[PDB]
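Reproduced below: model_12.pdb, with PDB, C-alpha atoms (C1' of nucleotides).
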ATOM      1  CA  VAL A  12     -68.451  17.711  60.891
ATOM      2  CA  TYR A  13     -68.460  20.184  63.775
ATOM      3  CA  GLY A  14     -66.862  22.812  61.540
ATOM      4  CA  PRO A  15     -67.376  23.812  57.909
ATOM      5  CA  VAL A  16     -65.329  21.521  55.672
ATOM      6  CA  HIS A  17     -64.287  22.301  52.095
ATOM      7  CA  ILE A  18     -62.605  19.733  49.847
ATOM      8  CA  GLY A  19     -61.441  21.605  46.775
ATOM      9  CA  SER A  20     -61.997  20.340  43.248
ATOM     10  CA  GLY A  21     -59.204  22.374  41.667
ATOM     11  CA  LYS A  22     -61.618  24.968  40.255
ATOM     12  CA  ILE A  23     -61.609  28.506  41.656
ATOM     13  CA  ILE A  24     -64.364  30.821  40.420
ATOM     14  CA  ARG A  25     -64.167  34.606  40.581
ATOM     15  CA  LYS A  26     -66.706  37.168  41.761
ATOM     16  CA  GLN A  27     -67.824  37.881  38.190
ATOM     17  CA  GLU A  28     -68.378  34.174  37.500
ATOM     18  CA  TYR A  29     -71.379  33.904  39.850
ATOM     19  CA  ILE A  30     -74.209  36.089  41.147
ATOM     20  CA  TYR A  31     -74.392  37.284  44.756
ATOM     21  CA  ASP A  32     -77.616  38.681  46.222
ATOM     22  CA  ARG A  33     -76.576  40.710  49.263
ATOM     23  CA  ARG A  34     -80.116  41.620  50.329
ATOM     24  CA  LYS A  35     -81.437  38.117  49.642
ATOM     25  CA  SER A  36     -78.074  36.897  51.022
ATOM     26  CA  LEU A  37     -77.672  34.000  48.565
ATOM     27  CA  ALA A  38     -75.091  33.071  45.923
ATOM     28  CA  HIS A  39     -76.262  31.884  42.510
ATOM     29  CA  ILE A  40     -73.540  29.626  41.141
ATOM     30  CA  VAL A  41     -73.989  29.949  37.379
ATOM     31  CA  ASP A  42     -72.388  28.195  34.448
ATOM     32  CA  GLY A  43     -70.585  30.310  31.889
ATOM     33  CA  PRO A  44     -72.102  29.238  28.565
ATOM     34  CA  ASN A  45     -75.753  29.655  29.581
ATOM     35  CA  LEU A  46     -75.144  33.208  30.803
ATOM     36  CA  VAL A  47     -73.040  34.013  27.732
ATOM     37  CA  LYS A  48     -75.659  32.816  25.252
ATOM     38  CA  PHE A  49     -78.432  34.518  27.238
ATOM     39  CA  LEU A  50     -76.582  37.826  26.985
ATOM     40  CA  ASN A  51     -75.885  37.235  23.287
ATOM     41  CA  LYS A  52     -79.588  36.660  22.602
ATOM     42  CA  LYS A  53     -80.782  39.575  24.755
ATOM     43  CA  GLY A  54     -78.089  42.007  23.592
ATOM     44  CA  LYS A  55     -76.496  42.169  27.056
ATOM     45  CA  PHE A  56     -73.196  40.630  25.893
ATOM     46  CA  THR A  57     -71.802  43.915  24.571
ATOM     47  CA  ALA A  58     -73.106  45.612  27.718
ATOM     48  CA  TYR A  59     -71.260  43.032  29.827
ATOM     49  CA  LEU A  60     -68.069  43.663  27.846
ATOM     50  CA  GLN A  61     -68.389  47.431  28.336
ATOM     51  CA  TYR A  62     -69.024  46.837  32.045
ATOM     52  CA  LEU A  63     -65.839  44.762  32.257
ATOM     53  CA  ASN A  64     -63.853  47.449  30.433
ATOM     54  CA  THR A  65     -65.275  50.219  32.638
ATOM     55  CA  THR A  66     -64.380  48.668  36.017
ATOM     56  CA  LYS A  67     -61.444  46.265  35.820
ATOM     57  CA  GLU A  68     -61.087  45.458  39.521
ATOM     58  CA  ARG A  69     -64.679  44.953  40.706
ATOM     59  CA  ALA A  70     -67.014  43.373  38.137
ATOM     60  CA  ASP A  71     -69.712  41.792  40.294
ATOM     61  CA  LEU A  72     -72.312  40.050  38.147
ATOM     62  CA  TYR A  73     -75.240  40.934  40.419
ATOM     63  CA  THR A  74     -74.593  44.675  40.191
ATOM     64  CA  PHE A  75     -74.435  44.402  36.394
ATOM     65  CA  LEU A  76     -77.720  42.476  36.353
ATOM     66  CA  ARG A  77     -79.313  45.169  38.523
ATOM     67  CA  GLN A  78     -77.936  47.885  36.229
ATOM     68  CA  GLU A  79     -79.498  46.173  33.211
ATOM     69  CA  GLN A  80     -82.610  45.264  35.275
ATOM     70  CA  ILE A  81     -83.051  41.746  33.910
ATOM     71  CA  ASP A  82     -85.885  39.494  35.046
ATOM     72  CA  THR A  83     -85.288  37.233  38.045
ATOM     73  CA  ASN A  84     -86.822  34.258  36.247
ATOM     74  CA  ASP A  85     -84.481  35.167  33.391
ATOM     75  CA  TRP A  86     -81.751  34.942  36.029
ATOM     76  CA  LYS A  87     -82.800  31.478  37.190
ATOM     77  CA  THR A  88     -82.589  29.932  33.704
ATOM     78  CA  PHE A  89     -78.793  30.281  33.420
ATOM     79  CA  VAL A  90     -78.084  29.601  37.105
ATOM     80  CA  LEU A  91     -76.590  26.187  37.802
ATOM     81  CA  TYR A  92     -77.822  26.287  41.409
ATOM     82  CA  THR A  93     -77.986  28.462  44.533
ATOM     83  CA  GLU A  94     -76.312  28.330  47.942
ATOM     84  CA  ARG A  95     -76.792  30.041  51.288
ATOM     85  CA  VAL A  96     -73.936  32.384  52.140
ATOM     86  CA  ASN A  97     -72.039  33.672  55.166
ATOM     87  CA  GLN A  98     -69.854  36.778  54.913
ATOM     88  CA  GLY A  99     -68.022  38.897  57.460
ATOM     89  CA  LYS A 100     -67.193  41.790  55.146
ATOM     90  CA  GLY A 122     -70.080  41.417  47.705
ATOM     91  CA  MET A 123     -67.873  38.347  47.953
ATOM     92  CA  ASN A 124     -64.423  38.346  46.369
ATOM     93  CA  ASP A 125     -63.499  34.722  45.648
ATOM     94  CA  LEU A 126     -65.077  31.262  45.834
ATOM     95  CA  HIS A 127     -63.756  27.693  46.036
ATOM     96  CA  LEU A 128     -66.063  24.957  44.750
ATOM     97  CA  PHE A 129     -66.674  21.606  46.441
ATOM     98  CA  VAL A 130     -65.628  18.298  44.871
ATOM     99  CA  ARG A 131     -68.294  16.759  42.634
ATOM    100  CA  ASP A 132     -68.067  13.400  40.876
ATOM    101  CA  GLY A 133     -69.359  12.789  37.359
ATOM    102  CA  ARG A 134     -72.957  12.395  38.505
ATOM    103  CA  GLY A 135     -72.740  15.632  40.506
ATOM    104  CA  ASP A 136     -73.626  14.511  44.030
ATOM    105  CA  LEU A 137     -71.860  15.987  47.041
ATOM    106  CA  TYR A 138     -69.308  13.626  48.556
ATOM    107  CA  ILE A 139     -66.012  13.681  50.436
ATOM    108  CA  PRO A 140     -63.427  11.482  48.668
ATOM    109  CA  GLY A 141     -62.100   8.596  50.708
ATOM    110  CA  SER A 142     -58.571   9.555  49.681
ATOM    111  CA  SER A 143     -58.769  12.701  51.820
ATOM    112  CA  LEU A 144     -59.848  10.663  54.844
ATOM    113  CA  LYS A 145     -57.133   8.079  54.177
ATOM    114  CA  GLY A 146     -54.416  10.714  53.848
ATOM    115  CA  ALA A 147     -55.501  12.527  57.000
ATOM    116  CA  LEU A 148     -55.579   9.231  58.897
ATOM    117  CA  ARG A 149     -52.122   8.294  57.615
ATOM    118  CA  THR A 150     -50.689  11.665  58.634
ATOM    119  CA  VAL A 151     -52.166  11.593  62.145
ATOM    120  CA  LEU A 152     -51.254   7.938  62.724
ATOM    121  CA  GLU A 153     -47.623   8.402  61.677
ATOM    122  CA  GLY A 154     -45.325   9.194  64.586
ATOM    123  CA  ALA A 161     -47.186   0.356  54.037
ATOM    124  CA  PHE A 162     -50.723   1.459  55.075
ATOM    125  CA  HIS A 163     -52.193  -0.972  52.541
ATOM    126  CA  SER A 164     -54.454  -2.818  54.986
ATOM    127  CA  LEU A 165     -56.613   0.178  55.933
ATOM    128  CA  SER A 166     -58.933   0.275  52.907
ATOM    129  CA  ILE A 167     -61.195   3.345  53.061
ATOM    130  CA  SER A 168     -63.896   4.091  50.485
ATOM    131  CA  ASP A 169     -65.843   7.215  49.581
ATOM    132  CA  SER A 170     -68.540   8.517  51.906
ATOM    133  CA  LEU A 171     -72.238   8.321  51.105
ATOM    134  CA  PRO A 172     -73.721  10.984  48.800
ATOM    135  CA  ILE A 173     -75.056  14.142  50.450
ATOM    136  CA  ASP A 174     -77.750  16.447  49.124
ATOM    137  CA  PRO A 175     -76.409  19.755  47.729
ATOM    138  CA  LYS A 176     -78.451  21.913  50.135
ATOM    139  CA  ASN A 177     -75.844  21.300  52.852
ATOM    140  CA  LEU A 178     -73.242  23.066  50.672
ATOM    141  CA  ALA A 179     -73.024  26.622  52.024
ATOM    142  CA  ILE A 180     -70.425  29.305  51.332
ATOM    143  CA  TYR A 181     -68.245  30.339  54.284
ATOM    144  CA  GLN A 182     -65.300  32.713  54.672
ATOM    145  CA  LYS A 183     -61.710  32.100  55.742
ATOM    146  CA  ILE A 184     -60.782  34.425  58.614
ATOM    147  CA  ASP A 185     -57.254  34.845  59.969
ATOM    148  CA  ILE A 186     -56.889  35.247  63.734
ATOM    149  CA  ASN A 187     -53.381  36.485  64.621
ATOM    150  CA  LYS A 188     -53.868  38.578  67.792
ATOM    151  CA  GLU A 189     -56.711  40.194  65.812
ATOM    152  CA  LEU A 190     -59.489  38.843  63.589
ATOM    153  CA  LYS A 191     -59.500  39.664  59.888
ATOM    154  CA  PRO A 192     -61.780  38.588  57.035
ATOM    155  CA  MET A 193     -60.107  37.361  53.864
ATOM    156  CA  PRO A 194     -61.124  37.306  50.180
ATOM    157  CA  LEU A 195     -60.990  33.482  50.252
ATOM    158  CA  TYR A 196     -64.600  32.290  50.335
ATOM    159  CA  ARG A 197     -65.114  28.539  50.285
ATOM    160  CA  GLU A 198     -67.985  26.143  49.615
ATOM    161  CA  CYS A 199     -68.145  23.963  52.728
ATOM    162  CA  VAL A 200     -70.522  21.346  54.077
ATOM    163  CA  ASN A 201     -72.857  22.657  56.763
ATOM    164  CA  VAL A 202     -72.093  21.711  60.356
ATOM    165  CA  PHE A 208     -67.996   5.550  55.052
ATOM    166  CA  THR A 209     -67.204   1.882  54.382
ATOM    167  CA  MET A 210     -63.825   0.780  55.712
ATOM    168  CA  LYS A 211     -61.999  -2.550  56.028
ATOM    169  CA  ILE A 212     -58.886  -3.541  57.991
ATOM    170  CA  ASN A 213     -56.645  -6.540  58.482
ATOM    171  CA  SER A 214     -56.421  -7.477  62.149
ATOM    172  CA  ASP A 215     -52.652  -7.969  62.412
ATOM    173  CA  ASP A 216     -51.516  -4.711  60.807
ATOM    174  CA  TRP A 217     -54.133  -2.312  62.210
ATOM    175  CA  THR A 218     -56.644  -2.332  65.059
ATOM    176  CA  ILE A 219     -59.593   0.004  65.602
ATOM    177  CA  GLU A 220     -58.692   0.683  69.236
ATOM    178  CA  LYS A 221     -55.068   1.505  68.403
ATOM    179  CA  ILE A 222     -55.908   3.827  65.503
ATOM    180  CA  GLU A 223     -58.571   5.687  67.499
ATOM    181  CA  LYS A 224     -56.193   6.012  70.462
ATOM    182  CA  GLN A 225     -53.535   7.439  68.147
ATOM    183  CA  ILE A 226     -56.082   9.876  66.679
ATOM    184  CA  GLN A 227     -57.000  11.061  70.175
ATOM    185  CA  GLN A 228     -53.324  11.368  71.137
ATOM    186  CA  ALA A 229     -52.578  13.406  68.008
ATOM    187  CA  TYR A 230     -55.513  15.713  68.748
ATOM    188  CA  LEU A 231     -54.304  16.123  72.338
ATOM    189  CA  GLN A 232     -50.797  16.952  71.096
ATOM    190  CA  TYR A 233     -52.228  19.498  68.656
ATOM    191  CA  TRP A 234     -54.229  21.098  71.479
ATOM    192  CA  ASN A 235     -51.307  21.189  73.914
ATOM    193  CA  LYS A 236     -48.503  22.334  71.604
ATOM    194  CA  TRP A 237     -50.281  24.783  69.281
ATOM    195  CA  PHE A 238     -53.894  25.462  70.295
ATOM    196  CA  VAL A 239     -52.826  27.039  73.598
ATOM    197  CA  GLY A 240     -50.869  29.646  71.647
ATOM    198  CA  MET A 241     -54.037  30.701  69.842
ATOM    199  CA  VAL A 242     -55.986  30.585  73.111
ATOM    200  CA  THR A 243     -53.589  33.096  74.669
ATOM    201  CA  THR A 244     -53.780  35.586  71.785
ATOM    202  CA  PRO A 245     -56.436  38.332  72.081
ATOM    203  CA  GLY A 246     -58.044  37.155  68.847
ATOM    204  CA  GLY A 247     -58.339  33.726  70.418
ATOM    205  CA  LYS A 248     -59.891  35.340  73.487
ATOM    206  CA  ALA A 249     -62.498  36.925  71.214
ATOM    207  CA  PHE A 250     -63.041  33.555  69.518
ATOM    208  CA  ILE A 251     -63.686  31.716  72.795
ATOM    209  CA  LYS A 252     -65.792  34.614  74.103
ATOM    210  CA  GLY A 253     -68.268  34.156  71.255
ATOM    211  CA  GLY A 254     -68.361  30.408  71.834
ATOM    212  CA  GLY A 255     -66.617  29.669  68.549
ATOM    213  CA  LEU A 256     -65.138  26.348  69.612
ATOM    214  CA  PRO A 257     -67.661  23.553  70.266
ATOM    215  CA  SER A 258     -68.231  22.812  73.938
ATOM    216  CA  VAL A 259     -67.610  19.080  73.468
ATOM    217  CA  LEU A 260     -64.265  19.616  71.723
ATOM    218  CA  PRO A 266     -62.823  12.071  71.659
ATOM    219  CA  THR A 267     -62.043  11.351  67.992
ATOM    220  CA  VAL A 268     -61.476  14.642  66.150
ATOM    221  CA  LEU A 269     -60.012  14.776  62.647
ATOM    222  CA  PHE A 270     -58.909  17.494  60.222
ATOM    223  CA  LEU A 271     -60.556  16.260  57.050
ATOM    224  CA  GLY A 272     -60.767  19.146  54.580
ATOM    225  CA  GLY A 273     -58.752  22.268  53.919
ATOM    226  CA  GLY A 274     -58.105  25.441  55.860
ATOM    227  CA  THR A 275     -57.073  23.597  59.025
ATOM    228  CA  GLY A 276     -53.529  25.008  59.215
ATOM    229  CA  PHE A 277     -49.850  24.052  59.400
ATOM    230  CA  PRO A 278     -50.186  22.474  62.883
ATOM    231  CA  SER A 279     -52.042  19.764  60.993
ATOM    232  CA  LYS A 280     -50.920  18.395  57.601
ATOM    233  CA  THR A 281     -47.463  17.645  59.056
ATOM    234  CA  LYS A 287     -41.204  16.239  68.513
ATOM    235  CA  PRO A 288     -40.667  18.412  71.589
ATOM    236  CA  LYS A 289     -42.742  21.582  71.639
ATOM    237  CA  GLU A 290     -39.894  24.099  71.357
ATOM    238  CA  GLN A 291     -37.973  22.008  68.825
ATOM    239  CA  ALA A 292     -41.147  21.593  66.773
ATOM    240  CA  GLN A 293     -41.732  25.356  66.744
ATOM    241  CA  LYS A 294     -38.116  25.898  65.692
ATOM    242  CA  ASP A 295     -38.513  23.444  62.800
ATOM    243  CA  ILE A 296     -41.734  25.096  61.601
ATOM    244  CA  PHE A 297     -40.128  28.533  61.793
ATOM    245  CA  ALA A 298     -37.077  27.343  59.850
ATOM    246  CA  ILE A 299     -39.152  25.700  57.114
ATOM    247  CA  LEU A 300     -41.401  28.762  56.834
ATOM    248  CA  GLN A 301     -38.356  31.018  56.503
ATOM    249  CA  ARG A 302     -36.976  28.705  53.812
ATOM    250  CA  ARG A 303     -40.248  28.592  51.855
ATOM    251  CA  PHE A 304     -42.117  31.895  52.388
ATOM    252  CA  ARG A 305     -39.535  34.618  51.815
ATOM    253  CA  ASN A 306     -41.914  37.555  52.340
ATOM    254  CA  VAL A 307     -44.029  36.958  55.452
ATOM    255  CA  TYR A 308     -41.540  34.841  57.405
ATOM    256  CA  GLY A 309     -38.152  35.248  55.716
ATOM    257  CA  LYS A 310     -37.763  38.973  56.348
ATOM    258  CA  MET A 311     -38.713  38.789  60.038
ATOM    259  CA  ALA A 312     -35.916  37.039  61.929
ATOM    260  CA  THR A 313     -37.394  36.819  65.429
ATOM    261  CA  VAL A 314     -39.223  33.639  66.410
ATOM    262  CA  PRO A 315     -42.943  34.474  66.692
ATOM    263  CA  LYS A 316     -45.015  33.834  69.784
ATOM    264  CA  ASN A 317     -46.365  30.721  68.042
ATOM    265  CA  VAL A 318     -45.580  29.352  64.567
ATOM    266  CA  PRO A 319     -47.701  29.631  62.499
ATOM    267  CA  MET A 320     -49.103  33.015  63.575
ATOM    268  CA  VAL A 321     -52.569  31.939  62.392
ATOM    269  CA  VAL A 326     -64.779  31.288  59.743
ATOM    270  CA  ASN A 327     -67.964  33.345  60.030
ATOM    271  CA  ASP A 328     -71.520  32.024  59.770
ATOM    272  CA  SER A 329     -74.843  33.872  59.896
ATOM    273  CA  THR A 330     -75.557  32.269  63.283
ATOM    274  CA  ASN A 331     -73.936  34.153  66.166
ATOM    275  CA  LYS A 332     -71.727  31.139  66.924
ATOM    276  CA  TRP A 333     -68.267  31.223  65.377
ATOM    277  CA  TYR A 334     -66.867  28.200  63.550
ATOM    278  CA  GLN A 335     -63.502  26.782  62.497
ATOM    279  CA  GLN A 336     -62.644  25.123  59.201
ATOM    280  CA  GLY A 337     -61.939  21.425  58.763
ATOM    281  CA  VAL A 338     -62.799  19.915  62.159
ATOM    282  CA  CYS A 339     -64.837  16.692  62.095
ATOM    283  CA  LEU A 340     -66.126  14.130  64.590
ATOM    284  CA  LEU A 341     -65.954  10.506  63.438
ATOM    285  CA  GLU A 342     -67.639   7.287  64.531
ATOM    286  CA  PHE A 343     -66.496   3.755  63.687
ATOM    287  CA  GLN A 344     -68.784   0.715  63.724
ATOM    288  CA  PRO A 345     -67.793  -2.923  62.958
TER     289      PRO A 345
ATOM    290  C1'   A B   1     -30.563 -42.465 -27.579
ATOM    291  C1'   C B   2     -27.798 -37.120 -21.456
ATOM    292  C1'   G B   3     -25.339 -42.429 -14.344
ATOM    293  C1'   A B   4     -30.511 -42.146 -16.992
ATOM    294  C1'   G B   5     -35.864 -42.704 -16.152
ATOM    295  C1'   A B   6     -39.832 -41.736 -13.389
ATOM    296  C1'   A B   7     -40.086 -39.228  -7.405
ATOM    297  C1'   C B   8     -44.176 -32.718  -3.654
ATOM    298  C1'   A B   9     -39.068 -32.720   1.772
ATOM    299  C1'   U B  10     -43.712 -33.957   2.516
ATOM    300  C1'   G B  11     -47.637 -36.040   6.683
ATOM    301  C1'   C B  12     -49.257 -34.512  11.983
ATOM    302  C1'   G B  13     -48.617 -30.016  14.851
ATOM    303  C1'   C B  14     -52.779 -23.441  18.601
ATOM    304  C1'   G B  15     -46.369 -19.033  19.859
ATOM    305  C1'   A B  16     -48.894 -21.551  23.869
ATOM    306  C1'   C B  17     -49.124 -22.132  29.300
ATOM    307  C1'   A B  18     -48.938 -18.693  34.492
ATOM    308  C1'   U B  19     -49.319 -13.301  35.062
ATOM    309  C1'   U B  20     -54.050  -7.301  39.566
ATOM    310  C1'   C B  21     -50.635  -1.132  35.613
ATOM    311  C1'   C B  22     -50.084  -1.858  40.251
ATOM    312  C1'   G B  23     -48.261  -0.140  45.705
ATOM    313  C1'   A B  24     -47.549   4.686  48.046
ATOM    314  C1'   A B  25     -50.104   9.318  47.902
ATOM    315  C1'   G B  26     -55.479  14.672  52.392
ATOM    316  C1'   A B  27     -56.102  19.709  46.933
ATOM    317  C1'   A B  28     -53.299  21.613  50.500
ATOM    318  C1'   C B  29     -49.820  25.469  53.033
ATOM    319  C1'   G B  30     -48.213  31.169  54.510
ATOM    320  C1'   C B  31     -51.767  34.840  55.522
ATOM    321  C1'   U B  32     -51.680  39.198  53.665
ATOM    322  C1'   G B  33     -51.386  43.453  49.793
ATOM    323  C1'   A B  34     -53.166  48.382  48.385
ATOM    324  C1'   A B  35     -55.563  52.994  49.475
TER     325        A B  35
END

Target format structure tokens, applied to this file:
Amino acid sequence: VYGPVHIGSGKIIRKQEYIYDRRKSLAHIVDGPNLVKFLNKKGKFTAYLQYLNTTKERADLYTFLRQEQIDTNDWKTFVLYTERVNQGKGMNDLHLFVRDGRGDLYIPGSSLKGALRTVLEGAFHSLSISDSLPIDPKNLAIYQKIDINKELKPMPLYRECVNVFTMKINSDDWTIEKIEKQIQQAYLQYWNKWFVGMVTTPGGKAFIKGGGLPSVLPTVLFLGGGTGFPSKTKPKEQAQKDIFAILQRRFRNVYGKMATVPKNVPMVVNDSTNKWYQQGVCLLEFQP
RNA sequence: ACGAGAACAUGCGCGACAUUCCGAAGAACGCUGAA
């Protein structure tokens, strides 16, 4: 996991749903009911409602708590847990990581299997992949999605990502050497056909200047989300033409209006450490 | 002082045997909008 990886759980929580300490630089992920009943008991529920009515757009919970000056230990009692944060801008949005019924951090094996199937294509019953081992929640830190299209820009999409598996095959259908060779070939194709376009852009120059890409980057996979359209899907020029056509067909606003073929289709992460990072990249190891 | 009188359509018996709700699925893509 050389880059922050977020596997969504279908739940997106707003700024007002959780607390964000800017000075302490930590995000308190809180459940709803505990906070609601705490405010009902302490008389802060009507105050919270008036706060929501006063400022519709920005309703950060931490600023409201500071305005009411509530005790920090009274904050901890309704907080589900806390996470270390990284922002390039209070946070706007937040995407939660996938948690099973018990609540441990884990990457589902289905994500790995789907990524492997996509990269290998170019059936699939023999390759049986199971869930990865549980990970302690402290590795779950909140990162930001940043778009680099000739210029870097922070985005409101903040995502809970992991900080930077048992599998069985049948010998005839799949082989470890063949699948790893195909993974490496797919990564090389991704580098040659699309990564060079981002290298040439000035935003890419800024990214490499700060050492954003790992020096080492073998077997590299795009496990989680935020990786891009070059993944999750040919001659180079024909491929670019197909992506441009499909983007024009689907996204009427950004791509449909503009007729000219961009420099690279598609046109497009900050951490408290000076090194820049990219979302979704992972390094894998297979043992028999 | 009835082609009549008596006379169980009854005895035994498993709706059973064989059967993977399963195979295929990355929670992900565009990155921007307003002032």

Decode the PyMOL selection byres ((chain A) within 8 of (chain B)) for the given file into explicit residues and return them as a ChimeraX atom specification.
/A:18-21,142-147,161,163,185,271-273,276-277,280,300,304,307,321

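Interatomic distance, CA of residue 71 in chain A to CA of residue 57 in chain A: 16.0 Å.
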
By how many Å are CA of residue 326 in chain A and CA of residue 251 in chain A apart?
13.1 Å

For residue 331 in chain A, which of A:258, A:209, A:97, A:228 is the closest residue, counting all atoms listed in the file?
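Ranked by minimum distance to residue 331 in chain A, first place goes to A:97.
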
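Here CA of residue 314 in chain A and CA of residue 232 in chain A stand 20.8 Å from one another.
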
Applying the PyMOL selection byres ((chain A and resi 244) around 12) to the file I just gave you, which residues come out? Please list them as a CSV table (one decimal) with C-alpha atoms, in the frame of the given file.
chain,number,residue,atom,x,y,z
A,186,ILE,CA,-56.9,35.2,63.7
A,187,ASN,CA,-53.4,36.5,64.6
A,188,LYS,CA,-53.9,38.6,67.8
A,189,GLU,CA,-56.7,40.2,65.8
A,190,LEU,CA,-59.5,38.8,63.6
A,237,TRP,CA,-50.3,24.8,69.3
A,238,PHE,CA,-53.9,25.5,70.3
A,239,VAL,CA,-52.8,27.0,73.6
A,240,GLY,CA,-50.9,29.6,71.6
A,241,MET,CA,-54.0,30.7,69.8
A,242,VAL,CA,-56.0,30.6,73.1
A,243,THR,CA,-53.6,33.1,74.7
A,245,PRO,CA,-56.4,38.3,72.1
A,246,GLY,CA,-58.0,37.2,68.8
A,247,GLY,CA,-58.3,33.7,70.4
A,248,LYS,CA,-59.9,35.3,73.5
A,249,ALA,CA,-62.5,36.9,71.2
A,250,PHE,CA,-63.0,33.6,69.5
A,251,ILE,CA,-63.7,31.7,72.8
A,316,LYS,CA,-45.0,33.8,69.8
A,317,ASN,CA,-46.4,30.7,68.0
A,320,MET,CA,-49.1,33.0,63.6
A,321,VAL,CA,-52.6,31.9,62.4

Might you pull out every residue within 10 Å of residue 138 in chain A, with all atoms listed in the file counted and same-chain residues fewer than 3 positions away left off, and present them as an MDAnalysis selection string?
chainID A and resid 18 129:132 135 141 169:175 200

Given the PyMOL selection byres ((chain A and resi 179) around 6), the residues it picks as number ranges by chain
A: 94-96, 178, 180, 198-199

Selection: 12 Å around residue 60 in chain A, all atoms listed in the file, excl. self and same-chain fewer than 6 positions, as a count of residues only
10
